[PDB]
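A.B. asks: In the first instance, please consider these chains from the complex; the rest will follow:
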Amino acid sequence: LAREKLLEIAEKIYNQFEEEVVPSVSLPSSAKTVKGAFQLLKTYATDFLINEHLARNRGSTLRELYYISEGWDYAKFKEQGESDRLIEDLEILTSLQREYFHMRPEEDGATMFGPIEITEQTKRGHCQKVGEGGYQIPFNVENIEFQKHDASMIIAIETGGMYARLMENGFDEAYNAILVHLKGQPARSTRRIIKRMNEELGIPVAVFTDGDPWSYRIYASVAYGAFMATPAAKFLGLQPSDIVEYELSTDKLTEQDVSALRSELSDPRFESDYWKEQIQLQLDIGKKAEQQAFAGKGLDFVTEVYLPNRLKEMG
């Protein structure tokens, strides 16, 4: 268990205590009164389970936090609504993305398949050809290893199916790639992996989601926020322009969506004139677009036409 390049700044949280006490008040950045004093005392419960349980290994989660906290009185927790703030505070003060501190979350960043072997390190006490579900990057992204890179492109897809069938037919061999499914919004495990390859490998990465804005936001949750990105990436996923010409069945959209379309525009977050152009198409067409729908035009179709077709004209 490493975590010292951080355990250092994790103790440095304290230090700004005496140097803070001996001379004057004790504001961070705000302390001094009731909710700002208590919110602090809980510093303790914090730097207590951490620095003293970093060299003894064991790692735990949020709704456990709410429990290992029922120990330190005059500091316990009334609701698991605390876990965030504090832990989310740590991310800001000790400049250490949550996990670094030895925290596991709610979910499992499984689903990944491609040509590149690797190992991790801790916990104990191939990636080219493991199994089907194979590797499930778990609650961490800094326990690494590499040395094997015979694929020149990574793949971002979402579906308890499209990815699945993108396995059978494949793509993993005569078409490079590195597969990684995501299941809805991709948080830590996953993302910090996407990024880890878009910086330490110079290897591209594209997103392939359905049409619903609920997918077009999954690129933005990897595009930036909401250490967790890959900004230089593009979306070869179902873009409003790559379906007008590709026949494909459709479906009617509702109220919650149209109010979601004026939100990814009347709020310019990564709102380039190219995600603004294809989006404008959404306003027009006035219809949705599943992701596995290609199956309508041939089963061996996705694995043949769309992907490559759209993949040669990078942009």
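C.D. replies: Happy to help now that I have it. Residues are numbered from 1 along each chain as shown, chains lettered A, B, ... in the order given.

A.B. asks: Domain-wise, how is chain A divided?
C.D. replies: For chain A, curated CATH domains gives the domain ranges A:1-106, A:107-315.

A.B. asks: Most tightly packed of the ones you listed?
C.D. replies: domain A:107-315 (a mean of 16; mean count of other Cβ atoms under 10 Å). From N, CA and C alone the C-beta is placed, and that goes for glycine too.

A.B. asks: Endpoint to endpoint, it covers what distance?
C.D. replies: In domain A:107-315, first residue to last residue: 33 Å (Cα to Cα, to the nearest Å).

A.B. asks: How far off centre is it?
C.D. replies: Offset of domain A:107-315 from its chain centre (Cα atoms, centre = their mean, to the nearest Å): 12 Å.

A.B. asks: for stretch A:79-92, same thing?
C.D. replies: The answer for stretch A:79-92 is 18 Å, by Cα atoms, centre = their mean.

A.B. asks: Residues touching it, excluding its own?
C.D. replies: By Cβ atoms under 8 Å, 6 or more residues apart in numbering, the residues outside stretch A:79-92 that reach it are A:39, A:42, A:46, A:62-63, A:65-66, A:69, A:77, A:96-98, A:101, A:103.

A.B. asks: Swap in 7 Å and give it another go.
C.D. replies: Here stretch A:79-92 makes contact (Cβ atoms under 7 Å, 6 or more residues apart in numbering) with A:42, A:46, A:62-63, A:65-66, A:96-98, A:101, A:103.

A.B. asks: just curious, which of the residues you listed is nearest to residue A:256?
C.D. replies: Closest to residue A:256 out of the contacts of stretch A:79-92 is residue A:62 (28.5 Å), distances taken as Cβ to Cβ.

A.B. asks: Look up phi and psi at the closest one.
C.D. replies: phi -50, psi -70 (degrees, to the nearest 10).

A.B. asks: Once you drop chain neighbours, what's closest to it?
C.D. replies: Excluding the flanking residues, the one nearest residue A:62 by Cβ to Cβ, 6 or more residues apart in numbering is residue A:83, at 4.5 Å.

A.B. asks: Repeat that for residue A:248.
C.D. replies: Nearest to residue A:248 is residue A:293, by Cβ to Cβ, 6+ apart, at 5.3 Å.

A.B. asks: Chain B next, sequence below:
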Amino acid sequence: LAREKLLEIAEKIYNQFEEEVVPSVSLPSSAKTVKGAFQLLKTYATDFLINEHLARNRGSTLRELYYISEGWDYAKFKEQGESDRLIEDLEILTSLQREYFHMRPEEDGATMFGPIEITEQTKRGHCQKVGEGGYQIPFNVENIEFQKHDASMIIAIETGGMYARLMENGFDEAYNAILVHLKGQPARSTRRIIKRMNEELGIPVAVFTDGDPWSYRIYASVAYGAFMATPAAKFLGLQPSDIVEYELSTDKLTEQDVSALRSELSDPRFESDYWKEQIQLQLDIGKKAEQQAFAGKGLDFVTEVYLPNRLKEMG
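C.D. replies: Below, chain B sits with the chains from the block before:
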């Protein structure tokens, strides 16, 4: 790709066609009029993608079905509400649990950890010590292998945490076991694995869920239905009687639950006098009970006290 001991009865679906046509009407078990004629024609679309695509490998899913179906006119689909019925019908007529037919679903039966190596077979073209997420039994339970059994008990737990932390501290060694997390209701992948060990190995299996009836129903979805069970199993999970004495923090329950309590009693499905007794406790105490809550009474507690403590008095 095997699937012939079934492809046989899958064609036999047809046969009951001419022998059915040549002489008289064509009722199954009901055919003859409009919705009962069409519901049939779609037989075709069915036995078409199947028997003709069973020896060519490729396997797909539901919301793809709704697409590969947009091919056969006078037989297509108006809504993915068809997928079930038919496929759910197959489960009844050809006595072959869905999957057998080469069908993947919506989800991923990952999370499993224990002392027993194995391999699967298809798709291509250790389990004792793989990784952390390791093996993710995928969309199938009849692609098997074994030969390595140095653990005498399996484990049914649910939490994107309790299981997690039941890894760090462990249990996998000096305490036998075979771990398998489930994430909410456990369907195919998972279940047909639980069962596969409670019949082909004579090896026990217990369920450990929270308190909410929403967990007490997860045992019943493995207890029986709703090839998928392990009836001779017990629940060492959070039972209303194993928390009265174990202090533990709590929480207030709501309306949707109390109406759920008179449902697991005023509807005797696996309602033994022992799941009726501990449940009656629910009526009394009038409070819930998280699953990872033990953390309140020590972090190294679950891995020490509860499990074993409750585990020696099997019942």
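
A.B. asks: mind redoing the contacts of stretch A:79-92 now chain B's in there?
C.D. replies: A:42, A:46, A:62-63, A:65-66, A:96-98, A:101, A:103 (Cβ atoms under 7 Å, 6 or more residues apart in numbering or on different chains).

A.B. asks: how does it look with 8 Å?
C.D. replies: A:39, A:42, A:46, A:62-63, A:65-66, A:69, A:77, A:96-98, A:101, A:103 (Cβ atoms under 8 Å, 6 or more residues apart in numbering or on different chains).

A.B. asks: Return that stretch as CSV; C-alpha atoms alone will do.
C.D. replies: Extracted C-alpha coordinates of stretch A:79-92, given in CSV (Å, rounded to 0.1, in the frame of the first residue of the first chain):
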residue,chain,number,x,y,z
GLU,A,79,-26.8,11.5,8.3
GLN,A,80,-24.8,9.9,5.5
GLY,A,81,-25.1,13.3,3.9
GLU,A,82,-21.9,14.2,5.6
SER,A,83,-19.7,11.6,3.8
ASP,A,84,-19.7,13.8,0.7
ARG,A,85,-18.8,17.4,1.8
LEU,A,86,-15.9,16.3,4.0
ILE,A,87,-14.5,13.7,1.6
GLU,A,88,-15.5,16.1,-1.2
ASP,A,89,-13.6,18.7,0.8
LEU,A,90,-10.5,16.6,1.0
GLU,A,91,-10.5,16.5,-2.8
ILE,A,92,-10.1,20.3,-2.6
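
A.B. asks: now the residue lying closest to residue A:72 once chain neighbours are set aside: how far from residue B:218?
C.D. replies: Counting by Cβ to Cβ, 6 or more residues apart in numbering or on different chains, the nearest residue to residue A:72 once its immediate chain neighbours are dropped is residue A:45, at 4.9 Å. Going from residue A:45 to residue B:218 by Cβ to Cβ, to the nearest Å gives 32 Å.

A.B. asks: which one among the contacts of stretch A:79-92 gets closest to chain B?
C.D. replies: residue A:63 (5.4 Å; Cβ to the nearest Cβ).

A.B. asks: and that closest one, which of the three is it?
C.D. replies: helix (DSSP: H, G, I helix; E, B strand; the rest coil).

A.B. asks: hang on, the earlier thing: filter the contacts of stretch A:79-92 down to just the ones in helices.
C.D. replies: Here DSSP state H is the test, and the contacts of stretch A:79-92 give A:39, A:46, A:62-63, A:65-66 as lying in helices.

A.B. asks: Chain C follows; place it on the structure:
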Amino acid sequence: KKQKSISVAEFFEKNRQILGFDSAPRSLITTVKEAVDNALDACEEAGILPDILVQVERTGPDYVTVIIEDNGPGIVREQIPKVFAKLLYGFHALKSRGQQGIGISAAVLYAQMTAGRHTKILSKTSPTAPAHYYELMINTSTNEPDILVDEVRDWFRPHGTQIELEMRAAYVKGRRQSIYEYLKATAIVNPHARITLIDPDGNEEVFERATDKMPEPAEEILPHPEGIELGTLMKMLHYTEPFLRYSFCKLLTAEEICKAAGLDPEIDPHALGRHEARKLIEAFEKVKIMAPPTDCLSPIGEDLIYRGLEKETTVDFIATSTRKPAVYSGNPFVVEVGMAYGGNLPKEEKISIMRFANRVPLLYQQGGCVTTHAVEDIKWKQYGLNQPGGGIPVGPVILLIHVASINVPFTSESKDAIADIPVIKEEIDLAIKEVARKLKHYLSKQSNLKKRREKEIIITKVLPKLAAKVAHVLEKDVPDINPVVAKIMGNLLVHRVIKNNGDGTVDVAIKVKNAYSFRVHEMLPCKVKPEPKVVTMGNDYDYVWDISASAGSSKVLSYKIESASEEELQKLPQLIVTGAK
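C.D. replies: Placed with the earlier chains, chain C looks like this:
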């Protein structure tokens, strides 16, 4: 309705509801619930398809002005008070609308009392005549009215008479079912009338309909015993005057009644008594005689009713029925029933039933109305309308029930429903049934055609199916989809089985499933059977069999060789019921 004594406005504010005025919404409608009938009452007398324009502008915060143009014969100058006020007593037992005069008077009053602006009136008798304009008022205490303006206004295109009323009430609500519905209701039942309505703010519903056939002449009569009671004898005697063949319609039965009471067949009329009255009253009861009169009412009409709806809505299949005049304890009555099914109507359930009393409508709380009751008391689903409940069948329908009688049995003391009389419901019933069946026929026919197109697809469906069972099971091919298909519509299949050898046995089998008589040909070159019947043309011959099989008969015809293979190339014709007839 009594003949009061000393108090005028009070009478109102005290019957401020039993009369019809409780709330803002019914305030206005009551006004029109009158207005419009006096008119029809008028015209229907000698002046043709009367048209009626009826406005209502918004005046101020919560007051309203209501214009009601006539078209009748206008009204005599010294008869305004009498028709726009109502302090009359005493007579008259003939079929119409408002239950005895209380009409328009009420209106004038409320307006006069709520807002207060006198009451505008305007009329012309005929082409060349002055057109008078009156501003009426009723100044309390002194009951008798008090005219206040009798000038002569120039214009109008003479021949009618408009009323203009201002009164704090509320038209406004036209949705939930109030005003539009009233005239629409009035519209449909009085076909012989043009009703245009221009409502405040601007809009215009023109119920311009027709078939100018004035209603059957309203008629009057004397009473009939049964239906006479305590109050009656006091009235009969106490005032006017042998008092048997004079004031009790439809001599021997005069002298025969006197005895059964305790009176002599000659004594004088009046001042008989207060206790010798309860004895003669039953002197009728126990001696049921001949019959009141049949030649006495005016139904709207099996036809007009029909029209009424077909023109003022958007139905699909309709049925009317005007049953013969029945009678109850003295008062004659006829009930007509019409029913219309789906179209512009409502999707599922919520059956709408509008009732009609002696040409007046009704739109107040259906509960209890003999009408609604009867509606619930019989059959239901197994007739055509699939609707569960326990009363009132529901779906896209619409039912009209009418009742006529010189006097009518109402529940509440404010004509709003009919009291459950045995001999009446016993009528409405077989009357609502009277169509309740004609509908069935339609549905039984209509829904039927569906069961005639369902088939047409199970014959372009049963087809590709046994064609999917081929390019998928290497078995010869699509094995006669016909035998099955024919067994579906259940006509009778005629096919031809064939086998080859060092000979050539071929059999034509036919089997029915319905009951007819059949003729079957078959042309070929020769042949080597279960009884033939050959005729010959050109070269190749014709073998004509003759059969008559029924129910589920299955007969089989056979024969033999000549040439080969080529044979599979025909289709044998028949004659009755390919195959002509």
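
A.B. asks: The contacts of stretch A:79-92 with chain C there, same question as before?
C.D. replies: With Cβ under 8 Å, 6+ apart, stretch A:79-92 has contacts from A:39, A:42, A:46, A:62-63, A:65-66, A:69, A:77, A:96-98, A:101, A:103.

A.B. asks: where does the stretch 151-300 of chain A come near chain B, residue by residue?
C.D. replies: A:160-161, A:164-165, A:167-169, A:181, A:183, A:249, A:290, A:292-296, A:299-300 (Cβ under 8 Å from any Cβ of the partner chain).

A.B. asks: Pull the most distant pair out of the contacts of stretch A:79-92.
C.D. replies: A:77 and A:97 (22.7 Å).

A.B. asks: Is residue C:375 part of a helix or strand, or is it coil?
C.D. replies: helix.

A.B. asks: Could you check how far whichever residue of the stretch 401-550 of chain C sits closest to chain A is from residue B:49?
C.D. replies: With Cβ to the nearest Cβ, the shortest gap between the stretch 401-550 of chain C and chain A falls at residue C:472, namely 17.2 Å. To residue B:49, residue C:472 is 11 Å away according to Cβ to Cβ.

A.B. asks: again, but for residue C:79
C.D. replies: 90 Å.

A.B. asks: Could you find the closest non-adjacent residue to residue 74?
C.D. replies: Since no chain was named, I'll use chain A. With Cβ to Cβ, 6+ apart, the residue lying closest to residue A:74 is residue A:41, at 7.1 Å.

A.B. asks: not what I meant, chain C
C.D. replies: Per Cβ to Cβ, 6+ apart, closest to residue C:74 is residue C:123, 3.9 Å.

A.B. asks: wouldn't that neighbour be in contact with residue C:132 here?
C.D. replies: Yes. With contact defined as Cβ atoms under 8 Å, residue C:123 reaches residue C:132; the gap is 6.0 Å.

A.B. asks: Give me the more crowded residue out of the two.
C.D. replies: residue C:123 (25 against 21; other Cβ atoms under 10 Å in any protein chain shown).

A.B. asks: Please parse chain C into its domains.
C.D. replies: If you go by curated CATH domains, chain C breaks into C:1-221, C:222-291, C:292-451, C:452-490, C:491-581.

A.B. asks: quick one: secondary structure of residue C:338?
C.D. replies: Residue C:338 - assigned by three-state DSSP - is strand.
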